[PDB]
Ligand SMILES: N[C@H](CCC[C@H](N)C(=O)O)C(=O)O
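The data below hold one chain only, encoded as structure tokens and taken in the form deposited without the named molecule.
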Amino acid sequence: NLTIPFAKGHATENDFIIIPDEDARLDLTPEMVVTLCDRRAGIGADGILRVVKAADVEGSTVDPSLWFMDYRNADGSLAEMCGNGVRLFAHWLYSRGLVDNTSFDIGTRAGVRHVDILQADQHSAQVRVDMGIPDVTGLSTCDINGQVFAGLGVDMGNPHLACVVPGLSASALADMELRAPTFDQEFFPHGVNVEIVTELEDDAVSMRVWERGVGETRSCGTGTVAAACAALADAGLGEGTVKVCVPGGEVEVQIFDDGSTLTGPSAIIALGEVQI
């Protein structure tokens, strides 16, 4: 029935359909989302980022003149957390001349985010995003596939449990076989994302992640910040700069005593039109 312009891109292989809607002319229903993000029947993504002014988003109470990351999960749901996504949305905004400043603010359902474009062209960027104060909630354990791991619990807006594993190489991490983890039920009352991480080594670590009711993913933004907190803690530091390697790429995490940042890439890989 309607043909609309779109783009496809990803931030460390967490991939999105960007749908411009400057004039908020699109009623994008949860069934339309689910269709569009169907990898075999549609275009295929982890979600849609619709480009709209905060003004026009039902329920945003942020400054109405911001651009708002109207972010939908692949199941249609209104995402309340955001991560890697922000890097892509920032990239689109800056490269299409929708903002004109390398440093600006983005309306999201989790509140305003602040970003800094560090490099940007039509296809690639590096973006620094302010991720909030990590809330460390303490030691916990989990079981994956008949093995206990010590982790550090971390709240970034959503819960994580980051298990830094002394001895474990990047290879051995690669070779482990993951399964839905079991963990402390009462410690995590809304479930938990679990990261397995190597130890700080040249200010870097490698991570794999099991997201909450999703399973293994290529990249989880909030998760890389969690892993960085843990890897620092596992070494006796509370502040620092860590390169985190996930299956989808590399980010850089900065842990301050009063905040955190995530720095990493974004890619706009295709442009076209799609039918409803």
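For every residue, the number given is its place in the sequence shown, counted from 1.
Chemist: Test of understanding: from the entry's C-alpha B-factors, which stretch has the higher mean, 72 to 80 or 173 to 181?
Modeler: The entry gives the higher C-alpha B-factor average to 173 to 181.
Chemist: Averaged over C-alpha atoms, is the B-factor higher for 184 to 192 or for 162 to 170 in this PDB entry?
Modeler: In the deposited entry, the stretch with the higher C-alpha B-factor mean is 184 to 192.
Chemist: For the CA B factor values reported in this entry, which option in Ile144, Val112, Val197, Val127 has the top one?
Modeler: Checking the PDB record, the top C-alpha B-factor among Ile144, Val112, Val197, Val127 is at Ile144.
Chemist: Out of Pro20, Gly264, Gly259, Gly9, which residue has the highest Cα temperature factor in the PDB record?
Modeler: Top of the list by C-alpha B-factor: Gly259.
Chemist: Using the B-factors in the PDB entry, rank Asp46's C-alpha atom against the chain and give the third, lowest, middle or highest.
Modeler: Ranked within chain, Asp46 CA B lands in the lowest tercile.
Chemist: Is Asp27 in the lowest, middle or highest third of its chain when residues are ranked by C-alpha B-factor?
Modeler: Its C-alpha B-factor belongs to the highest third of this chain's values.
Chemist: Considering only modelled residues of the same chain, in which third does the CA B-factor of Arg39 rank: lowest, middle or highest?
Modeler: CA B-factor rank for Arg39: lowest third.
Chemist: Could you say whether, by C-alpha temperature factor, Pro247 belongs to the lowest, middle or highest third of its chain?
Modeler: Its C-alpha B-factor, which the entry lists for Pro247, ranks in the middle third among residues of this chain.
Chemist: Ordered by C-alpha B-factor within the chain, which third holds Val225? Give me lowest, middle or highest, please.
Modeler: For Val225, the deposited C-alpha B-factor lands in the middle third.
Quick note: we don't show the form deposited with the named molecule bound, though the next part is all about it.
Chemist: Of 164 to 172, 70 to 78, 110 to 118, 93 to 101, which is the one stretch near the named molecule in the deposited bound form, taking non-hydrogen atoms within 4.5 angstroms as near?
Modeler: This holds for exactly one stretch, 70 to 78.
Chemist: Taking the named molecule in the deposited bound form as the reference, which of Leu152, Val129, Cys82, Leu88 has a non-hydrogen atom within 4.5 Å?
Modeler: Of the candidates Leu152, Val129, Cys82, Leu88, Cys82 is the one lying within 4.5 Å of the named molecule in the deposited bound form.
Chemist: At 4.5 Å between heavy atoms, is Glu250 in contact with the named molecule in the deposited bound form?
Modeler: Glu250: no, not in contact with the named molecule in the deposited bound form.
Chemist: Is it the case that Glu211, even though its partner is missing from this view, gets within 4.5 Å of the named molecule in the deposited bound form, heavy atoms only?
Modeler: Within the cut-off, so yes.
Chemist: Wondering, does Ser140 line up within 4.5 Å of the named molecule in the deposited bound form on heavy atoms?
Modeler: No, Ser140 is distant from the partner.
Chemist: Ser266 near the named molecule in the deposited bound form, any heavy atom under 4.5 Å?
Modeler: Heavy-atom contact with the named molecule at 4.5 Å: absent for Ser266.
Chemist: Going through 9 to 35, which residues have a heavy atom within 4.5 Å of the named molecule in the deposited bound form? Please give them in sequence order.
Modeler: The one in contact is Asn14.
Chemist: Since part of the chain moves as a rigid unit against the rest between the shown form and the other one, which of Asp130, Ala150, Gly157, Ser171 is at the hinge?
Modeler: Selected hinge residue from the list: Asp130.
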